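Chain by chain, the residues:
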Amino acid sequence: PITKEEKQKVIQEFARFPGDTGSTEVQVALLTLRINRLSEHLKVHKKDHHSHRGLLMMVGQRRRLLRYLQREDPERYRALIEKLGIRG
Amino acid sequence: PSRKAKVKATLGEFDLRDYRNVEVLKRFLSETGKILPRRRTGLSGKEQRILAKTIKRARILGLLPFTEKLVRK
Amino acid sequence: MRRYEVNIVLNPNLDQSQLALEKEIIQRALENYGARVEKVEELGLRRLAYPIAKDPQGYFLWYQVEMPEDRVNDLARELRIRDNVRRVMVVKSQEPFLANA
Amino acid sequence: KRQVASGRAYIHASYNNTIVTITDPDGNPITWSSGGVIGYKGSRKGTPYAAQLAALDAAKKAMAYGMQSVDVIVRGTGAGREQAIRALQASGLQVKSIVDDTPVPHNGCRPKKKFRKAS
RNA sequence: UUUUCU
RNA sequence: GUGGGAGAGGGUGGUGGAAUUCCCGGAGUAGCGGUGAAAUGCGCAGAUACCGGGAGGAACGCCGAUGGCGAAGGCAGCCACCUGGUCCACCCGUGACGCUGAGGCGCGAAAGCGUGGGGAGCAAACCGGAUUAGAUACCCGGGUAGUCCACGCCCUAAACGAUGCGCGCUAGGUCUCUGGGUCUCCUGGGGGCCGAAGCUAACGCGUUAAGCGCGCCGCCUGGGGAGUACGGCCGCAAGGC
Ligand SMILES: [Mg+2]
Ligand SMILES: [Mg+2]
Ligand SMILES: [Mg+2]
Ligand SMILES: [Mg+2]
Ligand SMILES: [Mg+2]
Ligand SMILES: [Mg+2]
Ligand SMILES: [Mg+2]
Ligand SMILES: [Mg+2]
Ligand SMILES: [Mg+2]
Ligand SMILES: [Mg+2]
Ligand SMILES: [Mg+2]
Ligand SMILES: [Mg+2]
Ligand SMILES: [Mg+2]
């Protein structure tokens, strides 16, 4: 599980400014996190199809956020990915 | 008419989550290791749902019977 | 980590030597698995609701530990090994749910 | 011959017969009877009367062994169940106690068609 | 038990 | 985002007791079983009924609901681990980032197929008994595939609410599951019932709409021929579209 610690570590880590809890960058960061824990959990458990739908929704939501991000500030975009690891 | 006295009233406060308080749990079983319905336990959807789980654990820890022979008859 | 409750029931026919012996293997067990004992209860011999291993009685324990979740399962894999240990139930600690209180 | 004095009276009632097995305080059968043991052969076997007779008989044979006291253990539902019981209560045996101990699965084996459909 | 057609 | 909550949602490992079957031991003896009646069948190599021990498979009684969870299929012994969804509170953060969705991709009850394993109970086919004018059936005795597990296929269904998804608007009453609050009431999420207006061929629906509206998808165009023929794509096959 993602502990409060690990989480808020990411939040600050990507936050646009002091107190930034839900910006495209933060959100995309948190999603990326979960997507990885989950994608991992499914390497083992090839048959947990129910959770897989979760993953599918998470990825989708991320795709949308980024799509919007790039649409708005294409720079913040290139930055986010690189920093994270997306597009890969 | 399931109107004698709900096992709840005939009992002080207690932690429904206690899987070892035999003396208390025992109260919720019948003349058999069967879990009394709510008309009997006098509990409630949420409570009863706990009681049950608790009772099962006690069962496994050889602390509560899964079943008993019926007398009288 | 997390707060667990380890219940153990063993042979009620153990002499103070045998009894103190298993409690030793248990202690090392807990230890070798990062289990830090917060407190302990030992009700001792109690009347089972039904025989367990032909025996009509049981000697109960109750070690409340704090250990790594990633090893609770493995911890019990070991505890059940003792021939006199005839019951091991590790439960997650939970706030008591009062009622009619 | 052994003289048992007190013992158990297992009644295997059912929608097809009913059979009684008197036993010693350890469960070892002394004597037994049934609808068939008595004259009865087929359908008649499961009747409550074929149970009364089987009970008294099983009881008589039990007296000859020295039996005087018994503990009844009813098992299964069936005509002749509560009859068998009354048959015993009478007889030369004293019925110390009565207990229903019919076996019931906590849902384990699939019943044959005859008994499927319920819950 | 079952127990067709008109 | 922070702080709470309920749940048979899912995956892995482990583990509990009841019951059936088989095996061993004891004690006991003439039947048991089965039906409308019976018979096949099982039993003196000792069955049935009773007690003790062992093995194995499969399913989890009460709790259990008129209950809950999930997108659907569907999900209930207990424990731990891994994991999806979701509701409430605070109003903290982003700032239209939204809805729908041809095709694609994934999931998808049962039966069925391939490889390996397993097999207690049940049981297509089948082998018998009976019933009948006949009985390729209904009832009874056996019984193989299968039902179980793993991996890979198949993709169908009364896959049903026979009701596509999202949003806004339109009396109330009553029961219930779960959360909050100043908690005999108020506020939110969910499951039911009666009903305003309104709708409906009628039955009925009615804030969980089948009412009033906007967006997008799918589909229908008399019955038989026929979900057939042909073609194509898919499948090991059955067969699917
Ligand atoms: Mg969760
Ligand atoms: Mg604000
Ligand atoms: Mg602003
Ligand atoms: Mg199947
Ligand atoms: Mg197969
Ligand atoms: Mg059969
Ligand atoms: Mg048959
Ligand atoms: Mg399928
Ligand atoms: Mg409501
Ligand atoms: Mg009207
Ligand atoms: Mg109505
Ligand atoms: Mg035409
Ligand atoms: Mg082909």
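Residues numbered from 1 in each chain as written, not as in the entry; some residues may be left out. Chains lettered and ligands numbered in written order. Part of a larger assembly, values for the part shown. Heavy atoms only, no water.

This entry lists X-ray crystallography as its structure determination method and reports a resolution of 3.000 Å.

Draft legend 1. Broad picture of the side chain of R81 of chain D. Mapped onto the elements of the fold, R81 of chain D is located in helix α2 (residues 81-89). A polar contact of 2.6 Å, which involves the side chain of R81 of chain D, links it to the side chain of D100 of chain D. Those residues in contact with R81 of chain D that lie beyond four places of it in its chain are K73 of chain B together with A13, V74, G76, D100 and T102 of chain D. (Helix = DSSP H or I, 4+ residues; strand = E, 2+ residues; numbered from the N terminus. Polar contact = N/O pair within 3.5 Å; in protein donor to acceptor, adjacent residues only side chain to side chain. Contact = heavy atoms within 4.5 Å.)

Draft legend 2. Up close: the arrangement of the chains. Contacts are most numerous between chains B and C, taken over all three pairs of chains that touch. Nothing in chain A touches chain B, and the closest approach of their C-alpha atoms is 25 Å. Without any contact between them, chain C and chain D keep their closest C-alpha atoms 16 Å apart.

Draft legend 3. Quick look at the packing of helix α2 (residues 24-41) of chain A against helix α3 (residues 49-72) of chain A. All names here are of chain A. Where α2 contacts α3, the two axes come as close as 9 Å, and the packing angle between them is 155°. With respect to their mutual orientation, α2 and α3 come out roughly antiparallel. Here α2 and α3 pass one another in a crossing that is left-handed. Residues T24, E25, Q27, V28, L31, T32, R34, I35, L38, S39 and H41 of α2 form the contact with α3, whose own contacting residues are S51, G54, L55, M58, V59, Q61, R62, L65, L66, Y68 and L69. Partitioning the contact of α2 with α3 into residue classes produces eleven nonpolar, eight polar and three charged. (Axes fitted to C-alpha atoms, helices over the stretch in contact; angles between N-to-C directions. Parallel < 35°, antiparallel > 145°, perpendicular 65-115°, else oblique. Left-handed = near helix turned anticlockwise from the far one by under 90°. Nonpolar A, V, L, I, M, F, W, Y, C, P; charged D, E, K, R; others polar.)

Draft legend 4. Up close: the interface of chain C and chain B. With 24 residues of chain C at the contact, the number on the chain B side is 25 residues. Summing the contributions of chain C and of chain B, the shared interface buries around 2000 Å²; its carbon and sulfur component is 56%. When residues of chain C are sorted by the area they lose upon contact with chain B, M89, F97 and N100 of chain C head the list and together hold 33% of the total. For the pair chain C and chain B, the interface holds two salt bridges. Close ionic contact of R20 of chain B with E41 of chain C constitutes a salt bridge, the shortest N to O distance being 3.5 Å. Along the contact surface separating chain C from chain B lie twelve residue pairs in polar contact. With six residues, the top contributor of residues to the side of chain C that touches chain B is strand β3 (residues 44-52) of chain C. Classifying every residue of the side of chain C that touches chain B by side-chain character gives 15 nonpolar, three polar and six charged. (Buried area = accessible area lost by both parts, 1.4 Å probe. Salt bridge = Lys/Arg side-chain N within 4 Å of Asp/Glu carboxyl O.)

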